[PDB]
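Peer 1: I have a structure I would like to understand better, so I am pasting it below and will then ask my questions one at a time.
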Amino acid sequence: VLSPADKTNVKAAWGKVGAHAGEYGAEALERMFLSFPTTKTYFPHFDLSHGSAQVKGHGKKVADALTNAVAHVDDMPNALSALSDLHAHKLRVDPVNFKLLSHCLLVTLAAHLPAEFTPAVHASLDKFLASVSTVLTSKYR
Amino acid sequence: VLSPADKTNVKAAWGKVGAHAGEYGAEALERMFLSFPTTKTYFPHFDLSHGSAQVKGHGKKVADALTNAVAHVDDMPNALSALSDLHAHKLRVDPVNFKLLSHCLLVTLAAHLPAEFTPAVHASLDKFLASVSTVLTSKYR
Amino acid sequence: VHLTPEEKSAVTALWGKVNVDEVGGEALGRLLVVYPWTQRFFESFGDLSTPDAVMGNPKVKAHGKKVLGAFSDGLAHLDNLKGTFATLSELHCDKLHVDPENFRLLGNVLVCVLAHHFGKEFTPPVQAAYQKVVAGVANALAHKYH
Amino acid sequence: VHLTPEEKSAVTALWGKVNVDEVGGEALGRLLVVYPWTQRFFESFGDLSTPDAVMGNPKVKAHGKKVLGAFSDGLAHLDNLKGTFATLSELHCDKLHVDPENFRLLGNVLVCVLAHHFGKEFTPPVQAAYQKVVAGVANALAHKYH
Ligand code: HEM
Ligand code: HEM
Ligand code: HEM
Ligand code: HEM
Ligand SMILES: *Cc1ccc(OC)cc1OCc1ccncc1
Ligand SMILES: *Cc1ccc(OC)cc1OCc1ccncc1
């Protein structure tokens, strides 16, 4: 559950992220595949080499989903219904994997925002990713 | 995130607890205390011996809180906000303990309501307790 | 994994009444219904589209027996879980990559199943004895992930 | 913890640039701010009411140095992390009863801190090597659970 402040931090920092969102999502994915090879078993048909166009393309998609989430922070289950169906009903992604991508997304964030990744923003973005993760790993249809 | 069916299963299964609420809550607490000693550091002043009158009364409070949570299942954050302050703000209970008591609640239910504790309901009750646990361990004030 | 002689006796006594042909299949099946993502590891078992389909799946019931058997081996070697489960540990960690947490989940599911079948007989103390055993099996299996 | 020849190499190269007097403190401090329940183990440390109080808390900085030190120990003994942390494991598990999951969280928070200081220098390959090191330490600190 996000606090009023949490929402303010997540919106502010993601605003800061701005146009670099797709890149960051791509980098997050890459860090995940390299750091936790197991996660690769979910993208068999993907070219997971450094800089591949598929990973970058998928990152944009991931970032757009998150930007969408940020924009409907108070109504995520509804806004992410289709994505939840995909990760929870169909792909049946183990939630441990969401902790891993989230962590990688924070790491990427820390690596790109030396001036804005404050402790509070870090805390708020952590809870935010946890909330998105819960929606996507839950079958509520 | 609970599905419409989860709410159906939870309200149905919990309604059969009824007047047993206090007793069952006490049994869960006790099961927790014996199976996971660590959880006891949270009640240093409590008399935790088998049959304790304190444990009995507390389970009754825990049991009623869950009944209130089932009623406002679609409005939990506002409904359990005070319990949130308590467990997250004042007590700072480590989330791991919430999985332990939940497990003990399920075990207790299974041992008292065999016919009702079907796979599906078991699944719903677990998600319900996890959502309640999320709320009680989150600072959204 | 340290059980007092009293727990050892109660755990052994209770397990004696367990239905080795059912309990295991029921626990594995509940694992797949309560924690849906675990189905990913069993996609070759066939239909798992609904709770009833999972609980009624032959392959699920058959595999369940082996699981129970292993737990049984463990109950006969609480002195060396790590050793008894060295083989399974490589299968689940090195070959399958099942996250250690799922081992804990299956363990608690089994405890839920036992409580379901024995009701009031599955007392708080007996449960405690069992939480120790399933904690040992899990930690032994997670030896290649712990 | 395995770290190829190239990995252990990079891990060492980077840790050489880590500030022994501050990083520990930043990691511990962010742990307390991101995962608030962990504050329960530090009532004797003073004011931790706001993120500014936490990050600026002398006890947090002072203690974080000790923590960063235990990690430096691990780095010089990557082949026996279990032994290296045996003592700390006893303190954290048997004395403080700190749930194993938090060692994992502090470890990732450390990684975040490292990324914060080195920026682009903290390449995916560099992180990948460090995830191996923190999982090792974490698994080692929780070894009193086997
Ligand atoms: C931060 C949480 C995540 C978000 C916001 C997210 C979002 C998305 C989006 C936007 C898509 C594309 C949907 C489409 O096909 O139209 C997708 C697909 C997918 N996601 Fe996620 N995802 C997340 C986490 C994960 C995790 C943790 C895994 C597993 C490691 C995962 C595995 C997949 C897979 C396998 C696909 C389908 C790939 C394909 O066949 O093209 N996702 N995700
Ligand atoms: C389903 C989960 C839980 C529910 C519904 C719940 C509910 C409650 C309720 C209703 C109270 C009574 C407060 C009052 O009457 O003012 C309370 C107090 C308390 N709870 Fe929980 N609780 C849950 C889990 C936990 C866990 C996991 C722990 C710790 C292991 C915990 C520790 C406490 C403590 C220490 C108190 C204060 C008792 C005292 O010092 O007087 N609770 N809880
Ligand atoms: C409580 C711990 C568990 C025990 C005691 C256990 C025991 C076993 C045993 C006896 C086997 C077959 C041995 C053989 O290869 O002949 C096996 C296989 C297997 N187990 Fe486990 N297991 C446990 C938990 C899990 C969990 C949590 C998962 C994953 C969600 C899992 C997934 C599997 C899979 C996929 C196989 C291969 C079955 C097949 O596809 O043919 N196990 N396990
Ligand atoms: C996983 C990395 C960790 C490492 C390497 C580590 C390291 C240390 C070290 C070196 C000490 C000092 C022992 C001494 O001076 O004799 C210590 C003490 C302690 N640690 Fe950790 N620790 C870790 C994680 C944690 C976590 C996650 C918690 C719980 C949130 C925690 C809570 C404590 C407490 C309460 C004490 C100090 C008690 C006091 O002085 O009042 N540690 N730790
Ligand atoms: C707020 C929150 C913190 C931590 C977790 O655990 C991953 C979950 C969570 O809430 C998830 C959620 C957000 C919005 N609607 C439903 C569920
Ligand atoms: C539905 C659900 C599944 C699993 C968890 O544990 C992380 C939580 C959860 O619900 C979160 C929630 C429920 C109700 N209001 C806010 C958040």
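What you see of chain A is 2-142, where the numbers are those given in Swiss-Prot.
Each Cβ is built from the backbone N, Cα and C atoms, and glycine gets one as well.
Positions annotated as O2 binding site by Swiss-Prot: A:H59. Annotation source Swiss-Prot lists heme b binding site at A:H88. If you look up Swiss-Prot, you'll see A:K8, A:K17, A:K41, A:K62 marked as glycation site, on the strength of experimental evidence. Annotated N6-succinyllysine per Swiss-Prot: A:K8, A:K12, A:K17, A:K41, in sequence order, evidence recorded as similarity to another entry. Per Swiss-Prot, the feature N6-acetyllysine maps to A:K17. The annotation phosphotyrosine is assigned in Swiss-Prot to A:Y25 on the grounds of a large-scale study or a structure entry. Taken from Swiss-Prot, the feature site 'Not glycated' covers A:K12, A:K57, A:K61, A:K91, A:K100.
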Peer 1: Counting distance between Cα atoms, which of the recorded positions A:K8, A:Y25, A:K41, A:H88, A:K100 is nearest A:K57 (site 'Not glycated')?
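Peer 2: Closest recorded candidate to A:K57 (site 'Not glycated') by Cα: A:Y25.
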Peer 1: Which residue, of the recorded positions A:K17, A:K61, A:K62, A:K91, has its CB surrounded by the fewest other CB atoms within 10 A?
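Peer 2: Candidates: the recorded positions A:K17, A:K61, A:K62, A:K91. Fewest Cβ atoms within 10 Å: A:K91.
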Peer 1: Could you measure between A:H88 (heme b binding site) and A:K12 (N6-succinyllysine) for me? Cα positions, answer in whole angstrom.
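Peer 2: Rounded to the nearest whole number, the Cα-Cα distance is 24 Å.
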Peer 1: Among A:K17, A:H59, A:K62, these being the recorded positions, pick the one whose CA is nearest to that of A:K8 (glycation site).
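Peer 2: Looking at Cα distances from A:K8 (glycation site), the smallest one goes to A:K17.
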Peer 1: Determine, to the nearest whole angstrom, how far the Cα atom of A:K91 (site 'Not glycated') is from the Cα atom of A:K62 (glycation site).
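Peer 2: Approximately 18 Å lies between the Cα of A:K91 (site 'Not glycated') and that of A:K62 (glycation site).
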Peer 1: State the Cα to Cα distance, in Å, between A:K12 (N6-succinyllysine) and A:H59 (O2 binding site), rounded to an integer.
Peer 2: 22
Peer 1: Same-chain residues six or more away whose CB lies under 8 A from the CB of A:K41 (glycation site)?
Peer 2: A:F34, A:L49
Peer 1: How many neighbouring Cβ atoms, not counting its own, are there within 10 Å of the Cβ of A:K57 (site 'Not glycated')?
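Peer 2: Counting Cβ neighbours of A:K57 (site 'Not glycated') within 10 Å gives 16.
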Peer 1: In whole Å, how far does the CA atom of A:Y25 (phosphotyrosine) lie from that of A:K61 (site 'Not glycated')?
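Peer 2: Just about 8 Å between their Cα atoms.
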Peer 1: For the C-alpha pair, I'd like the distance in angstrom between A:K17 (glycation site) and A:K61 (site 'Not glycated'), rounded off.
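Peer 2: Cα-Cα distance, A:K17 (glycation site) to A:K61 (site 'Not glycated'): 16 Å.
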Peer 1: Are any of the recorded positions A:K8, A:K17, A:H59, A:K61, A:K91 near ligand 1, with a Cβ under 6 Å from it, and if so which?
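Peer 2: So the answer is none.
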Peer 1: With an 8 Å cut-off on Cβ-Cβ distance and a minimum sequence separation of at least 6, pull the same-chain contacts of A:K100 (site 'Not glycated'), or say none.
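Peer 2: Counting only residues 6 or more apart in sequence, the Cβ neighbours of A:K100 (site 'Not glycated') under 8 Å are A:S134.
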